[PDB]
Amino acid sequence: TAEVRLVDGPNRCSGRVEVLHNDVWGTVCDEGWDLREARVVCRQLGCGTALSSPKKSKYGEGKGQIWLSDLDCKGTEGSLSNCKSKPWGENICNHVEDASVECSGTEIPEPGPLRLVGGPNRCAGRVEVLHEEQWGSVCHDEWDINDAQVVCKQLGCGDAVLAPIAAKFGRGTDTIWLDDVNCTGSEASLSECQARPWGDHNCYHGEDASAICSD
């Protein structure tokens, strides 16, 4: 069991993932890195339930050895070496691609596959969806008050008030899951709406859709 730590974060439940092996600390590449590896690291450290798995050196770049790459954790592995990956040291990555993690510490918001980030409270912020163990934003193409309504009622935040575009509460960072969201307005969840296939889009993160509810 390798040993892990979080570095260059605001605290010690968020930061750049670093593992220990052969007396040397090294970073972890973000190929195949997602919430399955994230919940393993948060559990080791005693930091909780793995809010997100930021790619591309969110908390700065490490220096020196890059131990692991192409991690394929099932999510329940005791430590990070108990996962299937490329052999120690063998990688074609670069330190810009050092994977990070954000843990809860004690307070417990996952539920469920939908969340609003970057707002004053739960019921305001851009929209993020949970798909294939990665959080991702929603492009504002075709994004109207009906689409934000489905988000508001799924979160129990009452009715929709606005549906801001152009990343009103700030841009996303890694994955853009949905584009061309075509809701009738009375769907249960956002994944029940008519939209493009998961992952397909013609967008960048300057176009992440938001949602404002009451309140």
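In case it trips you up, residue 1 is the first one in the sequence shown, and so on.
Relative to one another, 72 to 80 and 105 to 113 have unequal mean CA B-factors, and 105 to 113 is the one with the higher figure. As the entry records it, the average C-alpha temperature factor is higher for 190 to 198, out of 15 to 23 and 190 to 198. In this entry, the residue among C47, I176, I66, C183 with the greatest C-alpha B factor is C183. Across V40, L51, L162, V28, the greatest Cα temperature factor reported in the deposited entry is at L162. The entry lists a Cα temperature factor for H95 that places it in the lowest third of the chain's modelled residues. When all modelled residues of the chain are sorted by CA temperature factor, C157 is found within the highest third. Ranked against the other modelled residues of its chain, the C-alpha B-factor of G89 as given in the entry falls in the middle third. In the PDB entry, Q134 places in the middle third of its chain by CA B-factor. Compared with the other modelled residues of the chain, the Cα B-factor recorded for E3 ranks in the middle third.
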